[PDB]
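Written below as C-alpha cells is the structure these notes are about.
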Amino acid sequence: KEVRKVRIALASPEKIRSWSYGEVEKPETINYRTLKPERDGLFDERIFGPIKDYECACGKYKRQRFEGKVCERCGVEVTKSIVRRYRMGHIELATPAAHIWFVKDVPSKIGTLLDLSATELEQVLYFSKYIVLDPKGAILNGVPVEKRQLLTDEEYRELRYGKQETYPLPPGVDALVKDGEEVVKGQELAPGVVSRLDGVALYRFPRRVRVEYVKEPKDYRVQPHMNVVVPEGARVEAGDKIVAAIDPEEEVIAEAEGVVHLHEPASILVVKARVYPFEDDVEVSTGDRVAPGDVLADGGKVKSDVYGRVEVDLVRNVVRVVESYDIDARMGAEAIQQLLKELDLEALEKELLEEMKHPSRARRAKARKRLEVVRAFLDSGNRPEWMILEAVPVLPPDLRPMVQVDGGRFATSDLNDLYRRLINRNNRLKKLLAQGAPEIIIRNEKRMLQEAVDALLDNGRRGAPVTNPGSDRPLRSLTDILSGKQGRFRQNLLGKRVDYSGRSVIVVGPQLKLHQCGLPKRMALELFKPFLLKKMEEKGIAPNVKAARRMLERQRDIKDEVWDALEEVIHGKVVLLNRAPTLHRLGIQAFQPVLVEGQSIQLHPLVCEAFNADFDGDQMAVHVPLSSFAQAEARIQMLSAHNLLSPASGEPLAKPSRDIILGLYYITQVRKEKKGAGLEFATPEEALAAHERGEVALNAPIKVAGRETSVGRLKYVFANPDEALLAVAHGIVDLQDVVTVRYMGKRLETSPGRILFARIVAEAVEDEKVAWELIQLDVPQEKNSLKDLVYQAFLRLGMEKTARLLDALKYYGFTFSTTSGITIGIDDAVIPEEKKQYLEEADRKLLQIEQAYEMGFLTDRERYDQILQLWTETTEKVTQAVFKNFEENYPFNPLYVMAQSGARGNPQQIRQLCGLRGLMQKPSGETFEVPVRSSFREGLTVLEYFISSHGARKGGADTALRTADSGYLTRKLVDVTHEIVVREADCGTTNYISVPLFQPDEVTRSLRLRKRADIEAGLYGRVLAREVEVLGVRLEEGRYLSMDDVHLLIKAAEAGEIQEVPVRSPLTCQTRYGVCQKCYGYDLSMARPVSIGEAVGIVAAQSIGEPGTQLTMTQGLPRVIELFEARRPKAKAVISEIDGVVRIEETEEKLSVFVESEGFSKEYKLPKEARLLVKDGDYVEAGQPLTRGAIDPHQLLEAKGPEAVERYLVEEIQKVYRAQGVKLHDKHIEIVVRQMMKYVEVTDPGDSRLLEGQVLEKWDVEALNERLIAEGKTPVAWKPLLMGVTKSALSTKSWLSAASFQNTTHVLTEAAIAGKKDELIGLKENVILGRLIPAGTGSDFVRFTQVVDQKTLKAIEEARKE
Amino acid sequence: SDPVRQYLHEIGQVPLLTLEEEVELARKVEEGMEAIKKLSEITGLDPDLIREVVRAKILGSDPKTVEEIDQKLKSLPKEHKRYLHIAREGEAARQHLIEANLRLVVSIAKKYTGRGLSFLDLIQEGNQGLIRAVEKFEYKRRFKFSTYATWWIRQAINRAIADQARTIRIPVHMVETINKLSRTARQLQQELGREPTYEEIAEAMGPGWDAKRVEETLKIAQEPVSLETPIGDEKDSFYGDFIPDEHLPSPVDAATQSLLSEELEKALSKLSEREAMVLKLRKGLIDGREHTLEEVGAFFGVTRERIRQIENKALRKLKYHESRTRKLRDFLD
DNA sequence: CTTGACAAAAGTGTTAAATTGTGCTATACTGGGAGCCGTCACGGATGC
DNA sequence: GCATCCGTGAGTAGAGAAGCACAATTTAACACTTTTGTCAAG
Ligand SMILES: [Mg+2]
Ligand SMILES: [Mg+2]
Ligand SMILES: [Zn+2]
Ligand SMILES: [Zn+2]
C-alpha cells in the first residue's frame, strides 16, 4: 500500500528485542587474519546477514534456491546480503540505563514526570545520591525517612549499615575502658583520644595480654601477625590456646589455669550496637538483618529489641546488632525506572488538574508543563518507563561499515568504537556482579555503563566528549549523525548529490536564443550517455549497447558518427542550468542545449541577472531531466523564455542590461548643438542659408518665425523610415541628428535612430500598430523605459512575442554598442572647474570653524559636527557640479551616458572618479575630520589611501557576515512557509484588509499620498474584496487589480475619491494549509491569476530572502531579522495601552506622560532623553506610539489586536526594502506574517480538555469551538499569539520538517513521547520520503487529469452505452 | 561532571589498612574459604553453590532457592553451624579487604594510560585483578598484600589492553609480538641514528624472523582509520565521502546482466524443448544451482551419458548460431 | 541411446603443527591528568 | 521581577609501553573413498 503517514514513538524493551535478529555479546568485529566477521560480534553474519548474496559463512550453501534457509552449521540465513543494511541487533544491558534525550533535553521528560529537578536527576542517575524507594521504618536525624527522599552516601551508610568509628591510640599506651564497655559521646577511651559517638567500645588488637594464673601475672607480647583467640576475662585451663600464630612455636599457650586480661589495644572501635550475650547456639549469623522481637540466639530466650544487622562474635560469645535499617534506596537508572513503573498517570493527571485551579499563576504554569507530558503518554499509549533502556539497539553493520580501501587499510565508523565501549563495560559489569564485587566497584562500573550509553546516543551532551586514543576528535554519535548541517537531514535527505549532472565555466552566448544554451559536446556525451548508447545501437554505429559503451570509454576510438547521433538525442530535450547560491527559483532555468566545441557553457546575456552570474570565472551545474514528466515540467514551467517577470515584484527580470542598454541609448539619444542656439530668423530659407555658411549648427535650437525648430528638421524631411536610414547609410545624417520623418501617417520630428528603434520593436513583434503604442519615442531608451516596454509587450502579446522582442533588443543593443565608439579614457573623467572653487571655499569656512573654536563660541563636539556638515555639503555640491558639467558640455561622455542609461555606475561612484573621494570613517565608526580631497583620476596620496582602507575592509567584513545572516533568514522563512500552497480557487471568506493609499507625515501632521511604487507593491494583482467606484469606473468585486487598475486607483486617490482599497489577502484567507487563488491574486511572474498548486510559500521565502545581501545591514538586515523573529526592540517605543488624551508633566528630575480618559488615568514613566512625538491635548488611540522608536510587536498585539500587528509587521519590513530600492510585493511578507500569527493561547478551557495557557494553532481552536457550539458546550476562550519564524516553524504539527530544521533532539524527544503522526502535508516531509510534493504537478487538483483522443473517447463511449 | 574525581572521592572514604588489620582480614578469608569447603563436604551440595549463598546474605538486598539453602545450612547442629559463622565473617572480610585496596589499583592504573583504554577502564580492569589477588593471597607466607596484589593488578590491566584497545581484536601472543617489534626497532633506531630497515629489525629479533615476517607483522599492526576523519581546515568533509561502494552492482552492471539474460534465453529459444531445458538445468539457469548430470538424470529419467551426449550437442548448436549472428560475443568481455 | 570403467574432482576422516586462550608470577609499592581561550544574540528554565 | 548559566544557532557551491608456561581450539597437511564427468563400446 501507499505510505501516507509517518509515526514516531518510544520503543519498548520488548519492541527492541523484537527488532533484533540476535544479541551482540562480544566487542569483536572481524578476524585480524581472515578479515571475516567474528561470531557474536558487531558484524556477525548469523545476526545481521551474509556478507555476500545467498552464501552462508561456512560455505555449505551458495545458491538462491535456499532462500529463507538457515544453515545448520554456520547459522547464517541464506538470503541477499543487502539485509545487513536493515537487520538490527541488540545489547542486553546488565543494569538499566536512561536515554540521554529524556534526561538532558531541557525540560527533562523523566524529571517532569517524577517531579525531580535536573540536579536531583543527575545525582541519582550518575550514582551520587540515593533515592528512597522503601523506608522500611528508617529514621534519620530524628525525622522518619520518606519515599523519594534523597540520601547522600554518608547518610545511606548510617541507615543501611550503622554508625561506627575506630579511634587509634598512641603507641605504648593502654585503654581506660574495657572490652564491651558502653561508652558515650565525649567519653575518653584513652588519654589522647575521645569517642565522638556513643556505642559499645571493643578492643581491636590487644598488643599485650595479661594472664593472672591461679596458684601471678604473665605479660606477653602480641606480634602484628598474631591473633588472640580468647576474650577478656576468659577462664583458660592449663595448656589452652590464648594467642594464635602462623607457627606453633610462637603460639602462646597458658602455663597454668588463669584469667586473661587484654591490654594495649591498637585502636578502639565504638559501634552504636546492642550486645546480647548468649550461651547456647545462635539462631542467626553475621549479616542477617533482624527487627525488634526477632529471636537471635537461644531458641526464643534471646530476642532482638532493635532494628539492625547481626554480627555474631565467636570469641566474645555475644551477638552484636549494629543499629541499622533495611532501607530500600537505590541509585542509577534502576531506581528511576522503578519510580516510573510505579507512577500512575491517571492518578497524576487528576492531581495536576486540581493544582491547575490554584490561584497562583506560577503554580498553574508549572502544573501545565507536567500535565502536557502526562497527557502525551496517556494519549499515545507510550509507557513512561520505556525512557530507560534495558536493551540497546545495534545499528545494522552496513550503516556503520568496516571496509577495506584500495590501499588495503580498513576504514570504520565511530559508532563501532562506541558500541565496543558499551559492550566492554557491560560485559565487565556482568563478571563483576558474578564475582560479588564490592558496591564501590559495582557503582563505578554502573556509572561508566550509563556514560557509555550516553556517548553512543549523544556524545558530548553530558560531560567530556569521548574521543579515540591518539586524537582529540570527538566520536560521532547517533545524535551527531542526524543533527546539524552535516547531519542526515540536511546533507542526505533535504539535499542530495545526483547523477546525470555536470559542471563547467560559463561564457557569454550572445548569438544564443533566450531558450538556448551552449553545451559542450564532451559534457553532453557523458550527460546523455545512456540515451546515446540506445541511439548508437539504432544506427549502425555499434552492434549493441555494451559494445557502444566500450567505444566511448576511449576518446581516440570515438567515431564522428557518434556526434551526429548525439544531436538526435538532444533534439527537443532541455537541460537545467544552476548557479550557486540559488537564492530564488530562477537560479535554476531550463535551456535547449546547443552543442558547441570547447569546454565552456555558453549562457544567454539576458538570464545573467536572474542567475546573478558574470563571466569572471563563474561556474554552473548542468542537470538532465529524464522522464516525460521531468522534461515537460522543464520545457513548460522552467524554460527561460517562459519566465520573464520577477515572481517577487512582477517586474521584468529578463530585460536589457549593460551593453544592450548602452547600445540602444546611444542611438536613441539626440545630439544637441550650441553653435547658433537661440538665434532667430524670419524665413526657413534664411535659416538654411546660415547653416551653409556655418553660422548655425544642424541641431542648434532656433526659431523660424515663432516656432522653436532646428535646421535638421527643415533641411531633411524624409518620406519614410527607409529613406531616412538610407541617408544615414550614405552619411548625410547621423542616427542622433533630429530630422523630419513621415511615419505611421504622421510627420515626426525625431532622429533616425529613434525611428530605427521603432522599427526594431515593430519587426520583433510583427505588428506595426501595437509596437507604436508600446514605445516612448520622444525619450532616450534607458533601463526604466526598456523595462516598461518589456512589461507592456508581455501584457499585450504574451511570452512568445516578448521573447522575440528581447532577442531583437539584445541583438541591436550589442550591434550598436560596438560601432558607437564607447570607450574609457583618463580624460573621460572630466574634473569640473567648480571643484577647485568649492575646495577653496570649504577651506575658508574651515578656518572660520577653527577660529570660532579658539574663541570658545562652540565646543569640541560642535566643531566636529560643523566640519562634517561642511564637507558633506561640499561633497554633494561637487556631485552636482560633476553631472552638471556632463549635462551641458559632454552629453555623450562615457561615464555620464552609462550612468544616465542605467548600464553601469551611480552618481556616488562617478563623483569618486571625477570629483572627490569624500569623508572616510575610522575603524571605530568615527568620521575623519579631513576628507580625501583627491579623486581616482588625480590619484590618492599614501595617507588618503590608508584612511580609505578602513572603510573598504569594514564593508567587506560586513558583506561576509551579512550573507550568513541572510542565508540563515531565508532558511527560517522556507521552513515556516513551505507548507503554504495554493490549494483551492476560493475559500469563501468575506474578510479582507484595507490597503491605505495615504500615510501620516509628522513634518506636516497630515495624510500624504504614498509613493506609487509602494501602492503597486500592495495593490498589484490583488483581488478586490468589495466593489469600488472611482472616476466613473465600476471596479467589480472579485476583479484582479492590473497595473492599469492600480494607476487608476492612484489617480482617484489624488482626486480625493478614495483613501483605502479593500482587497483579499493571505492574512484573511481561510484556506487550511495554504491560501486560495482569490486571496493570493496574480502569479507575479505571469501577470495573471495564480494557478492552483503553486508553492507560493516557497516563492514568498525566496522573494524576501533573495535581496537580503543587498541590504546595507534597527537598520538593514538586522531590522528585518528582528521583525520576522518578532523580537522585542531594544530601543522599544512606548505605546498607549488605551485611548484618551495625553497630559505631559515635564520636571527637572524625571518625565511622566499621563493618557487621561473619561475615567481612566494611565501612567508612563518616560526617560528624560525620550523623543516624544505627541503634544498636550492630542487624542491618541490604543497602541499609538507615544515615543519614537521601534514598537514592540507583542505589546501592540495585546493593545490593539491581531490586525494591527499584522499591518505593522508588513509595513516595517517593507520600509527596509524600500530604503535599498528593492521592490517586494506585500503578499510575500503577509504569507510569512500569516504563519507568525497561526498559534493562539488558551485563556479559558470552558467545556474542553484543553488547559489554560496551552498553545495551539488558531484553526484547531476555531474548529474545536464549532463542535462545542454545535452541542451546547462552553467554547474555548483564547487570545492571539505572535511568535517568530523560528519558533513558529518548530511548533508545526509535522515532526519531520521540524526535526530537519533545528533542535532535532528536542523535536524528536517530544514527538516520540507524544506519538506524533506526521501526515505529510508540507513540501519538506515529502522531500525526505522521496514522494511527490503536493504542489505544482503533484497537487491533487491537477495530478489526476486524464488525456484522451476523440477516436479513443468515442470508441470507449460507443462500446459502453450501447 | 568528573567521573574520575567522583571515583577517587568514593575510594577515599575507606581508610587504608594497618598491617594488623591486613593480616586479620587475610586470615578470615582463608578461614572462611576453608569453612565453606568443610560445609560442602558435610552438607553434600556444590562448594560453589554454598559460597554464592553465603555471599548473597553478606551483600543483602534465584532468590527462591537462596533462602531454602540458607535455611538448610542453619538447620545443622551447633558443631556444624559454627563453620557457617566463619564462612559469613570470611566473606565479609573479603569485601572489606578489597575496598581498602582500591587506592593501590589507582596508583598502578595511572602508569598504563594512553594505551588505548581510558583511565576508568584501566581501574575497573585492575579491580578485577585485585579481586583475584584476594582469592589467591596467602598470609601464611608473611608477605604484605601490596607485594602480591601488584602482580595481579598489572596482569589484569595488561590483558585488557591486549584484548580491548584495538577495534580489530588481536590475540595476546601477537600483541606481545607487536610490542617486542616496536621495542626492538626503537632500540635499533637510537643506536643507528636512523629508522631501521626490515632486515635489520628481523636480525635483532632472533631466529625464525626475516624481513618478510616483520613486514607482515607491521601490516597486521595497522589500526583501522576512522570514516569520520575530517580533511582540510573546513569541517565539512570526511574520508567516508571519498570511498566508493564496491558491493552493490552499478546501474551499468545490473543492466548488462539483464541484457545478457534476455539475449541468452533468446538464443536458447532456437534450441529444442528438451535440449534448452538441459543447459538451463545443468548451468543452473532455472533453479540457480549447477546440477550434476546425475541430478538431471532423475528429473528426466535419462542416463548421465545421455545428458553429456545432448548437452554438448545443444552446446554445439549454440556455437553455430552464435557464429552466424554474433549477437552474444560482446557480453563475453 | 546404455554400458562401464575410469580418471579427475570432490568429499572425508585423521593427525599433525600452528594458532589462540588462559593462568600466573610473593620486598614493598595504596586519591589523575590536562587544561586553562578573542562572539554574539537568542530562548528557556531556575532559581533568587 | 531579575540575574545567570546552559543550550541553541550562525549562506551555497567545489577542492581539498612483560614473559612464559600450558591447555584448548583451529588450520592445514595428509590419506581415504566416493562422485561426477567422459570416451571408448554396442
Ligand atoms: Mg563572478
Ligand atoms: Mg530638404
Ligand atoms: Zn552455512
Ligand atoms: Zn482565501
Side-chain angles (χ1 to χ4, degrees), chain A residues 33 104-107 117-119 369 461 484-485 495 503 578-583 587 619-621 960-972 1105 1108-1109 1118 1121-1122 1125 1127 1284 1286-1287 1302-1303 1305-1306, chain B residues 2 4-5 7-12 14 16-17 100-115 119-120 123 132-133 136-138 141-155 158-159 161-163 171-174 176 179-180 182-183 186 230-234 236-237 242 292-295 302-310 312:
Chain A
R33 261 159 69 257
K104 291 302 177 183
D105 179 56
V106 180
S117 72
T119 297
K369 310 298 177 53
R461 188 53 182 87
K485 166 166 33 189
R503 173 185 196 82
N578 174 235
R579 179 190 170 271
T582 317
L583 305 174
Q619 286 185 259
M620 278 209 194
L961 302 204
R962 179 170 62 261
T963 61
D965 298 9
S966 178
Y968 192 26
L969 174 65
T970 313
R971 188 169 188 267
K972 306 164 164 183
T1109 57
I1121 291 172
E1122 66 182 2
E1125 286 300 349
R1127 287 169 184 172
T1286 293
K1287 181 183 184 64
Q1302 304 178 165
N1303 296 294
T1305 293
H1306 179 90
Chain B
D2 197 1
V4 172
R5 180 191 333 270
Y7 183 62
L8 294 182
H9 172 266
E10 290 174 359
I11 78 179
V14 186
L16 282 168
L17 288 176
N101 295 270
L102 296 187
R103 299 174 164 118
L104 181 56
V105 65
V106 176
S107 78
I108 292 181
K110 67 177 178 182
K111 269 174 272 313
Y112 284 82
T113 67
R115 299 172 54 168
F119 187 41
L120 286 174
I123 297 185
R132 186 91 198 102
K136 293 194 57 60
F137 181 83
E138 293 179 353
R141 306 195 187 183
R142 286 187 169 83
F143 289 119
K144 290 181 72 174
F145 182 77
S146 66
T147 298
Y148 183 71
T150 308
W151 279 106
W152 283 106
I153 301 182
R154 289 193 287 94
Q155 181 277 334
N158 289 318
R159 198 76 80 185
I161 293 183
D163 279 312
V172 176
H173 80 273
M174 186 65 67
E176 90 188 7
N179 295 340
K180 198 183 181 300
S182 178
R183 187 181 297 113
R186 205 183 55 229
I231 62 170
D233 291 358
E234 294 177 301
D236 61 357
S237 279
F242 304 82
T292 60
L293 308 154
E294 287 289 344
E295 182 65 26
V302 298
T303 61
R304 177 187 58 186
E305 198 52 38
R306 167 81 288 229
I307 302 107
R308 193 209 91 100
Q309 180 77 60
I310 61 170
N312 182 329

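Here is how names work: the chains are called A, B, and so on, in the same order as the sequence lines, proteins then strands, and each is numbered from 1. FYI, side chains are in, hydrogens and waters are out, and symmetry mates aren't considered; it's all heavy atoms of this structure.
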Provide a list of protein-nucleic acid N or O atom pairs under 3.5 angstrom, restricted to nucleotides 10-13 of chain D.
from: D:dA10; atom 1: OP1; to: A:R490; atom 2: NH1; distance (Å): 2.9
from: D:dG11; atom 1: OP1; to: A:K485; atom 2: NZ; distance (Å): 2.9
from: D:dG11; atom 1: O4'; to: A:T963; atom 2: O; distance (Å): 3.3
from: D:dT12; atom 1: OP1; to: A:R490; atom 2: NH2; distance (Å): 3.3
from: D:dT12; atom 1: OP2; to: A:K485; atom 2: NZ; distance (Å): 3.1

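Nearest nucleotide to the B:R183 side chain, out of C:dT2, D:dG19, C:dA26: D:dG19. Of the candidate nucleotides D:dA17, C:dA28, C:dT20, C:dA28 has the atom nearest to the side chain of B:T147. Distance from the side chain of B:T292 is smallest to D:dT36 among C:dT30, D:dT36, C:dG32. Which of C:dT2, D:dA18, C:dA26 sits closest to the side chain of B:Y112 comes down to D:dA18. Set against D:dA17, D:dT36, C:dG23, the side chain of B:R159 has C:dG23 as its closest nucleotide. Here the side chain of B:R304 is nearest to one of C:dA26, C:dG23, C:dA5, namely C:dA5.
Using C1' as the reference atom, D:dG9 and C:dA34 are 30 Å apart when rounded to the nearest Å. Comparing the P positions of C:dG35 and D:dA10 gives a spacing of 28 Å, expressed to the nearest Å.
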Could you write nucleotides 34-48 of chain C as a row of B, S and -, 5' to 3', where a protein heavy atom under 4.0 Å of any base atom gives B, of only sugar-phosphate atoms gives S, and otherwise -? --------SSSS---
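The base of C:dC1 has none of its N or O atoms less than 3.5 Å from a complementary donor or acceptor on the side chain of B:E305. No hydrogens or angles were tested; on distance alone, a donor-acceptor pair under 3.5 Å links the side chain of B:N101 to the base of C:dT30. Residue-to-nucleotide contacts include no donor-acceptor pair under 3.5 Å from the side chain of B:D2 to the base of C:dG33.
Across the interface with DNA chain C, nearest-nucleotide mapping of B:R132 and B:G12 shows B:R132 to be the residue nearer the 5′ end.
For D:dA18, one of the phosphate oxygens OP1 or OP2 lies less than 4.0 angstrom from a side-chain nitrogen or oxygen of B:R115.
The nearest whole Å value for the distance from the CH2 atom in B:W152 to the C1' atom in C:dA28 is 19 Å.
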